[PDB]
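Remarks on the structure that follows.
Chain letters run A, B, ... following the sequence lines, proteins first, then strands; residues in each count from 1. All values below come from the heavy atoms of this structure, side chains included, with hydrogens, waters and symmetry mates left out.
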Amino acid sequence: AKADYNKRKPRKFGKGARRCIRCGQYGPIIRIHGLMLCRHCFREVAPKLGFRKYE
Amino acid sequence: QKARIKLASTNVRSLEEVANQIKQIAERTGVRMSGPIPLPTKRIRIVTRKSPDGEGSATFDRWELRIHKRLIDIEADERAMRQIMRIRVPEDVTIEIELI
Amino acid sequence: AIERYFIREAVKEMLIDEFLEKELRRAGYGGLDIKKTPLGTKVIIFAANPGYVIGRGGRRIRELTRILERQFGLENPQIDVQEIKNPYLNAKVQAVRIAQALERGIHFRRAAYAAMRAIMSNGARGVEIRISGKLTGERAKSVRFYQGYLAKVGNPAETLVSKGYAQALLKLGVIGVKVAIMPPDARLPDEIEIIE
Amino acid sequence: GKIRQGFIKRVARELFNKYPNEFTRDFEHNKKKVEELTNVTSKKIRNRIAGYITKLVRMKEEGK
RNA sequence: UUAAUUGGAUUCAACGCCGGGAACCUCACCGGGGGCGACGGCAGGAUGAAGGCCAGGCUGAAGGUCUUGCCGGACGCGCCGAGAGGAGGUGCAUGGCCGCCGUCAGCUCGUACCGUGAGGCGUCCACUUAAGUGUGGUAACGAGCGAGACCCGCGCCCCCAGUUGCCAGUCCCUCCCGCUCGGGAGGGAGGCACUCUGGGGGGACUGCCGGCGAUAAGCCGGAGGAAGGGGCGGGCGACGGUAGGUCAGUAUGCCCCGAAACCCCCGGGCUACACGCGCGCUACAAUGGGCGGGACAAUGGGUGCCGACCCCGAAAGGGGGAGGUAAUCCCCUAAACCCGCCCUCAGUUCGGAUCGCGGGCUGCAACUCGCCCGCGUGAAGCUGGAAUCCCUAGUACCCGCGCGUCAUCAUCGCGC
Ligand SMILES: [Mg+2]
Ligand SMILES: [Mg+2]
Ligand SMILES: [Mg+2]
Ligand SMILES: [Mg+2]
Ligand SMILES: [Mg+2]
Ligand SMILES: [Mg+2]
Ligand SMILES: [Mg+2]
Ligand SMILES: [Mg+2]
Ligand SMILES: [Mg+2]
Ligand SMILES: [Mg+2]
Ligand SMILES: [Mg+2]
Ligand SMILES: [Mg+2]
Ligand SMILES: [Mg+2]
Ligand SMILES: [Mg+2]
Ligand SMILES: [Zn+2]
């Protein structure tokens with residue numbers, strides 16, 4: 001076929017297996033407790049999720 | 001013959017309101033209740049670099065989420081069991097009921 | 001464990017809220033509320049123009065319900081549309097309105113002054129508006145409008161003041177609009193009264 | 001430095017004029033009285049106000 | 001230097017920084033091979049458009065293409081516009097966010113008054129404060145934002161609560177020693193005393209005493225006290241400037257590429273090496289090295305996972321596998337420290353770089369280019385010029401541990 005020359009392989013580990021669910025970036029993904037967010041995206045949506053800066 | 005009730009929430013006031021409702025229900029009848037036991041709080045702490053780029057001094061944010069818990073043990077009585085099954089929690093409280 | 005459950009719910013609401021905020025922009029979106037019932041999920045949407053949300057005899061409410069069920073994970077959804085409570089005490093709504101007025105073609109000073117006059121008329125202790133971007137030329141600039149009482153630093157500014165931000169896309173580029181409002185019933189720590 | 005704050009002074013002076021025969025040279029008595037006569041909700045602010053009122057009472061009793 | 005060794009940042013305020021520990025991916029670089037044009041129109045097209053394949057060449061490998069002919073029925077990149085997508089240019093076109101000046105004490109307004117005016121005054125003087133923090137005097141009188149207040153944690157006490165946490169006293173059974181008057185250890189009933197967990201409340205105010213200052217604001221020194229003078233440690237950064245950083249996190253104008261600057265696959269590179277520099281780790285030994293034995297933590301984490309317990313192996317590891325969605329089960333019987341013996345000031349029983357041989361684990365793949373174990377090998381280094389950094393109390397030095405990253409890999413980051 002022809003569309004086979006456009007599909008990516010289904011990776012199970014490595015940096016290529018995880019993307020931010022809000023912007024699609026590869027790299028600095030926060031994996032704690034199942035979050036999948038960049039360090040950039042988490043900073044601006046943290047107050048809505050209920051986190052606070054106590055100290 | 002005894003039922004175990006677990007509660008959890010991020011808001012400390014709603015937890016106490018639901019627990020007080022249960023305590024009033026139990027007192028409003030003849031039934032023995034093992035008082036609301038406070039279990040250790042869950043803290044979720046996440047530390048992140050602030051700047052989007054890598055230039056400048058390195059500074060950090062420390063975000064925190066706190067989850068409070070309670071534990072109540074009461075003997076299963078049909079007159080009182082229906083009442084505690086009829087009480088409806090606020091949307092930010094989790095409740096689970098089991099038979100031991 | 002228990003922590004993983006709480007975090008999972010907060011993310012779904014955030015994703016849905018951002019999707020709707022981008023979607024129902026012309027209707028004056030003002031937040032949402034999600035409730036779970038044994039029969040399914042009740043979703044309340046706050047807006048100032050329910051007619052746009054419903055969309056000419058359905059055909060859009062069903063669209064939203066179906067998308068909410070497929071793209072996101074709500075089970076058995078049921079959407080109800082209501083009216084925003086205090087439109088003039090909501091900073092997000094005011095920011096979006098100012099941005100739309102700018103996109104219409106109105107000069108930014110007139111927009112800002114009209115908005116402040118309305119907000120202060122409807123009974124707020126203070127309001128601040130900041131507008132930044134390429135206003136009047138190709139070198140960018142920021143201007144600021146203010147009147148009333150407004151806290152800025154410390155815990156009371158964290159809990160009492162409402163904040164909102166919006167973008168305005170013009171022909172030359174984007175303009176940023178920021179709004180902060182302090183409600184009428186807010187009380188500061190140093191306001192102490194003698195009982196008679 | 002231990003500089004007294006402005007609004008503490010203002011509220012304390014208002015209390016002293018309005019109820020002159022209500023406070024003594026005792027700190028505990030004034031603490032309870034201030035707790036009852038205002039809507040102050042912070043424990044620390046209450047202590048500051050009571051201390052200043054005690055000083056006012058001893059100073060006027062001296063006649064300045 | 002190279003086919004390429006992709007790019008940003010250069011005093012403080014670039015150089016274990018971009019959460020940058022890159023085998024593939026990441027990826028933007030180099031060699032090579034493939035794929036893609038909504039919507040309009042032109043050629044063409046059921047006398048079948050576009051599209052798909054058993055075998056075999058081409059090829060790194062490929063119905064990609066060719067050979068060989070079979071399958072499918074309606075649109076059409078061979079042509080013209082247009083579009084999708086762009087880690088392509090511009091941070092000197094912008095938004096948002098961040099660093100620094102600086103957690104410094106500043107920046108302003110209403111009315112009056114002074115000056116032709118730009119401006120001034122208030123915001124100045126004296127004393128005081130961490131502070132434009134206060135008290136008096138004043139052509140000023142009054143206000144706003146910042147400071148303080150506020151929010152989280154630690155230290156002392158009281159009430160409520162008793163499980164998955166705790167075990168002192170009392171009771172039953174079993175097993176040990178000096179043979180048991182006495183002293184221990186487990187288990188069961190039983191209790192919430194003590195510790196702990198976490199809701200509420202109390203407690204400290206320059207309140208008391210003596211001085212100085214003005215008799216004011218305050219300062220200095222004492223008692224009592226768990227705590228004494230922002231009680232201690234943190235969060236929160238005003239109006240603005242820096243054409244400071246970021247369009248290579250996302251949003252976005254203009255300019256470009258648009259059958260390649262878009263989308264996939266294979267192999268290389270970012271790991272090169274006469275040399276200059278930053279930050280560290282290991283040492284140069286006795287304030288030690290080795291061998292045997294004895295002690296005492298806290299923070300966190302676990303279902304794509306943590307794994308006790310049994311068996312096999314010299315080790316690294318291998319084969320089974322209880323319990324655990326967790327105050328219950330597991331990671332988890334730390335090191336510095338103490339006791340006994342060997343070595344006696346030496347390039348050594350100091351140091352452990354470099355290299356040979358052999359055995360393992362993760363992974364689709366370990367050569368370029370991973371981590372671990374056994375025997376062998378045994379480099380420089382004997383305390384450091386001119387210079388220069390960090391730190392005021394449970395702080396600095398010394399010692400290990402947890403989490404992030406993570407299939408595997410910690411001389412790093414954040415905490416204990
Ligand atoms: Mg402050
Ligand atoms: Mg380079
Ligand atoms: Mg590596
Ligand atoms: Mg690579
Ligand atoms: Mg004049
Ligand atoms: Mg002057
Ligand atoms: Mg001030
Ligand atoms: Mg700039
Ligand atoms: Mg610049
Ligand atoms: Mg590199
Ligand atoms: Mg040795
Ligand atoms: Mg190798
Ligand atoms: Mg020597
Ligand atoms: Mg690193
Ligand atoms: Zn992101």
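- Between the side chain of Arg125(C) and the backbone N or O of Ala186(C), at least one donor-acceptor pair lies under 3.5 Å.
- Summarising the base pairing, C219(E) is matched to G211(E) through a Watson-Crick or G-U wobble pair whose two defining distances lie under 3.5 Å.
- Under the 5.5 Å and 30° stacking definition, the step from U103(E) to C104(E) does not qualify as stacked.
- Within a 6.0 Å sphere centred on NZ of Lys23(B), heavy atoms belonging to other residues, nucleotides or ligands number 12 at most.
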Using a 3.5 Å cut-off and no angle test, enumerate the donor-acceptor pairs between side-chain atoms of residues 50-66 of chain B and protein atoms at least two apart in sequence or in another chain.
| unit_1 | atom_1 | unit_2 | atom_2 | d |
| --- | --- | --- | --- | --- |
| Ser51(B) | OG | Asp53(B) | O | 2.5 |
| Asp61(B) | OD1 | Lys53(A) | NZ | 2.9 |
| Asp61(B) | OD2 | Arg43(A) | NE | 3.0 |
| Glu64(B) | OE2 | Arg43(B) | NH1 | 3.4 |
| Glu64(B) | OE2 | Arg66(B) | NE | 2.6 |
| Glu64(B) | OE2 | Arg66(B) | NH2 | 3.0 |

For this session: Scan nucleotides 227-245 of chain E nucleotide by nucleotide, 5' to 3', and note B when protein non-hydrogen atoms come under 4.0 Å of the base, S if they reach only the sugar-phosphate, - if neither.
Result: --SSS-BBBBSSSS--BBB

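- Residue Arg4(D) has its side chain nearest to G207(E) when only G302(E), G207(E), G95(E) are considered.
- Nucleotides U135(E) and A126(E) are base-paired: the Watson-Crick or wobble atom pairs both lie closer than 3.5 Å.
- The side chain of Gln167(C) has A251(E) as its nearest neighbour among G302(E), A251(E), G198(E).
- Remark: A243(E) base-pairs with no nucleotide in the shown strands. Criterion, Watson-Crick or G-U wobble with two distances under 3.5 Å.
- A donor-acceptor contact under 3.5 Å links the side chain of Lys43(D) to the base of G203(E).
- The 12-atom threshold is exceeded at CZ of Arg18(A), counting heavy atoms of other residues, nucleotides or ligands nearer than 6.0 Å.
- No stacking contact links strand neighbours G178(E) and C179(E) by the limits of base ring centres under 5.5 angstrom apart and planes under 30 degrees.
- Side-chain N or O atoms of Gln1(B) include none that pairs as donor or acceptor with a backbone N or O of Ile100(B) at under 3.5 Å.
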For this session: Mark up nucleotides 401-411 of chain E, 5' to 3', with B wherever a protein heavy atom is under 4.0 angstrom from a base atom, S wherever such an atom reaches only the sugar-phosphate, and - elsewhere.
Result: ----SBB----

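- Side-chain atoms of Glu16(B) stay outside donor-acceptor range of the base of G198(E), with no qualifying N/O pair under 3.5 Å.
- Within the structure, the ring-ring contact (aromatic ring centres under 6.0 Å, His included) test picks out no pair touching residues 13-33 of chain D (sequence neighbours left out).
- Within residues 88-100 of chain B, no residue places a heavy atom under 4.0 Å from RNA chain E.
- Considering only side-chain atoms of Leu39(B), the nucleotide from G95(E), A149(E), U164(E) that sits closest is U164(E).
- Among the nucleotides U94(E), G249(E), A326(E), the one closest to the side chain of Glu44(A) is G249(E).
- Partner assigned to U377(E) is none, using Watson-Crick or G-U wobble distances below 3.5 angstrom.
- In the region residues 13-33 of chain D, proximity to RNA chain E at under 4.0 angstrom, judged on heavy atoms, holds for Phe27(D), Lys31(D).
- Of the side-chain N and O atoms in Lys2(A), one or more sit less than 4.0 angstrom from OP1 or OP2 of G52(E).
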Problem set entry | Under 4.0 Å protein heavy-atom contact, by nucleotide of nucleotides 54-63 of chain E - B base, S sugar-phosphate only | --------S-

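- Nucleotide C160(E) is matched to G198(E) when pairs are restricted to Watson-Crick or G-U wobble geometry with both distances under 3.5 angstrom.
- Residue-environment remark: OH (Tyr88(C)) stays at or below the threshold of 12 foreign heavy atoms within 6.0 Å.
- Here side-chain hydrogen bond (donor to acceptor under 3.5 Å, both in side chains) pairs that include residues 98-107 of chain C, with residues two or more places apart or in two chains, number zero.
- Base pairing analysis places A316(E) opposite nothing; no Watson-Crick or G-U wobble pair with both distances below 3.5 Å involves it.
- When distances run from any side-chain atom of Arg66(B) to the nucleotides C152(E), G249(E), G134(E), the shortest one goes to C152(E).
- For the criterion of Watson-Crick or G-U wobble pairing, both bonds shorter than 3.5 Å, the nucleotides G240(E) and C101(E) count as partners.
- Between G64(E) and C58(E) there is a base pair of the Watson-Crick or G-U wobble kind, both of its two distances falling under 3.5 Å.
- Here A55(E) sits opposite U67(E) as a true base pair, Watson-Crick or G-U wobble, both distances under 3.5 Å.
- With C1' as the reference atom, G63(E) and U68(E) are 12 Å apart, rounded to whole Å.
- Between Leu135(C) and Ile175(C) there is a side-chain heavy-atom pair separated by less than 4.5 Å.
- More than 12 non-hydrogen atoms from other residues, nucleotides or ligands lie less than 6.0 angstrom from CD of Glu36(D).
- Using a 4.5 Å heavy-atom threshold, the side chains of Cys23(A) and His40(A) count as separate.
- For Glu27(B), the salt bridge (charged side-chain N to carboxylate O under 4.0 Å, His left out) criterion is met by no residue, not counting sequence neighbours.
- Atom name P, nucleotides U6(E) and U271(E): the rounded distance is 7 Å, in whole Å.
- Residue pairs meeting the ring-ring contact (aromatic ring centres under 6.0 Å, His included) criterion with at least one member in residues 109-142 of chain C, sequence neighbours excluded, are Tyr113(C)-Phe145(C).
- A143(E) and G229(E) are spaced 35 Å apart, taking the P atom of each and rounding to whole Å.
- Using the rule of two distances under 3.5 Å, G384(E) and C284(E) count as a Watson-Crick or G-U wobble pair.
- For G182(E), the paired nucleotide is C177(E), the pair qualifying as Watson-Crick or G-U wobble because both relevant distances are below 3.5 Å.
- From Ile7(C), atom CD1 reaches atom CG of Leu49(A) across 8.5 Å, with rounding to the nearest 0.5 Å.
- You'll find that the side chain of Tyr149(C) is closest to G144(E), out of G302(E), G144(E), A149(E).
- Ranking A204(E), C97(E), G218(E) by closeness to the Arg43(A) side chain, first place goes to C97(E).
- Screening residues 27-41 of chain C for side-chain hydrogen bond (donor to acceptor under 3.5 Å, both in side chains) gives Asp17(C)-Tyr29(C) as the qualifying pairs, with residues at least two apart or on separate chains.
- For the side-chain hydrogen bond (donor to acceptor under 3.5 Å, both in side chains) condition, the pairs that include at least one residue of residues 136-154 of chain C, sequence neighbours left out, are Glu128(C)-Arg144(C), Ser132(C)-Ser142(C).
- The gap from the P atom of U206(E) to that of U135(E) amounts to 16 Å, rounded to the nearest Å.
- The bases of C192(E) and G165(E) line up as a Watson-Crick or G-U pair, and both contact lengths stay under 3.5 Å.
- At least one side-chain heavy atom of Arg79(B) sits less than 4.5 Å from a side-chain heavy atom of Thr29(B).
- A heavy-atom distance below 4.5 Å is found between the side chains of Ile16(C) and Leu32(C).
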